[PDB]
Structure formats: structure tokens, C-alpha cells
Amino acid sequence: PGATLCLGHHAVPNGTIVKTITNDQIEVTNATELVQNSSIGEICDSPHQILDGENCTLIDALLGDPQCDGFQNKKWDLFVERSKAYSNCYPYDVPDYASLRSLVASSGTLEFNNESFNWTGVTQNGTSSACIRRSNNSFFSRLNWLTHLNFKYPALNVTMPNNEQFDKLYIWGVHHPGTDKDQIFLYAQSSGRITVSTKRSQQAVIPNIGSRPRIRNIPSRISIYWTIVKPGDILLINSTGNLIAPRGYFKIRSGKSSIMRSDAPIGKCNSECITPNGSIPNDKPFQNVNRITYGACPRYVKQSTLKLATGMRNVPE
């Protein structure tokens, strides 16, 4: 008689195939997916401070395009730029646009402080029909279009000390009229010139008169420049025409802010990891949703699936 005692292990009728060092397909009793492959399709408004640019790029909100007036002085962790965005002020370009966009994005604030520059000798607050605010000819909110006064434009030599304990970011520009006629009509002399300097920098710009392909019926252009001024340093502006003057400075901060291009709607929900496709759960270590991410995110990989065994080899009856 006696007895028999057998040792054994479980099995399941529904095993899962995983890869190992020695075999690309071996069945185990259970596994878990390590690649996040989906989003809910909306960017959750929590816990990061989201700023939806809507019709405005960050640069347009910075300069003060009238449709972006609602953005004044706002802060963000993540600024979201929409593909539908468009400019509706005076046509402009920014040499090294990507760098200005980046540094403002990273700073994470549009906080602006007005300053009383001395523009004695010229006419301030020039407006344009290409930049309508409240049904009237206007201009970028943060810029001051200077023109002749009584058919004179005296050589400007204007100073602004930074006596703060923080850096100042100045945004200014040069106007390129479309014709000599316009140059004279605005600035009362044939050729303008702009030099913006500090103790540690100098930016000299020569206006270029000439027609460009019209944008919203405008053949002229403004080129945008920027200058950072440290505490103890001084902004100096020298111009004999064509200066698009700053009205003050932006505060520049450091921290965790950024900018992302996405058309995903903002949702009332809470998610740490943002991608342009929408927020994604961050439980898994990897993800194949987007190489662009913000926040505590799984790492982007090329694989669509990676299954980690969480059970023994499955050996069915």
C-alpha cells in the first residue's frame, strides 16, 4: 500500500507569450505591459498650470497682439500653442525666433513692468490699420512706435538703469518701411539707425527700406530683437529713426516651465505626464505615444509592446 506524494506547480488555461534571452516566444502564466501606448486625448489641466494659447503664439502674447491682451502678465508651467494660431497685428519677423520663444517659454511668465523712457523730441504711440484693437487702429501693446515730431526726428540717446535685484528682458524692434516715401513720412529723414547697448553687449541694426510680399496688405516689416539687462547694468538706446521702442521690461525667471505644440483639448482632470496627444498615465516605465513630453513621464521607446513576465512558465495539462 503506502502513499504517493507529488510536488507540483500551477498552470493557467490562458497563458501569455514573452521574450527571454534564449527564446523569443515562451509562454508564462501572467505578464504585465511596460509600454504605455495610449492617451485619453486631452491635456489634463492639473497638476501643472496650463496656459492655452488659443489663437495666440507665445511670441504674439509677448509682443501684445490685440487678440492676445487677455494673456498679459500670466504665468504657466506649460504654454500650449495651437496649430490654428495666427497673427493679426503689424507683420514682423524675429531673427532667431526659436531662441526667443524658448527663453520666454522656459522663464514661464509674461509679467511686464512699464518704464518711463524719455522720448522727448519724437511722436509716441504710432498706430496702424493692420493692428486693430477695439475697432481702432492700434499697435503691439508692449511696443511704442516712435515717429517724427513737427517733421524732425532728433537723435535719441536714452538710458535705463537696472537697479533691481533681478534681470530685465527687453523686447524692441526696427521698422523697415516699404518705400522711401514712407521712410520720410514717418521719420523725417532718409535713413534710420538703431543701436541698443549695455556694458556687456551691443546690437546695431540698419533698417532695410523696400517692398516685401504684402501680408494682410502690408509690404513693410518690423524685425524684433531682445536684450537682457543684469542688475548694475544699463540699457542704452541710440536711434536716428525706425526704432520700435520697448515700453518696459519682462521679468525673466527660472524654473520648470516649457511650451508644447498640440491641438488636444484641455480637460478638467489630473495627470502628471503631458504629451501633444494628450496626458498619459505614468505607471509604466516606457511609452510609445510621443517623444515629446512634459512632467513625470515614462520614457519614449520605439517598441509598441514589452511584456514583463509576472509568473512562471505555463505548462498546461
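So that there is no doubt, residue numbering starts at 1 and follows the sequence shown.
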**Prompt:** Is the mean CA B factor in the deposited entry higher across 77-85 or across 117-125?
**Reply:** 117-125
**Prompt:** If you average the CA temperature factors over each stretch, which comes out higher, 242-250 or 202-210?
**Reply:** 202-210
**Asked** Highest CA temperature factor in the entry: which of 194, 224, 104, 143?
**Response** 194
**Fill in**
Comparing C-alpha B-factors across 72, 99, 109, 217 in this entry, the winner is 217
**Asked** Going by the entry, which third of its chain does the Cα temperature factor of residue 1 land in?
**Response** highest
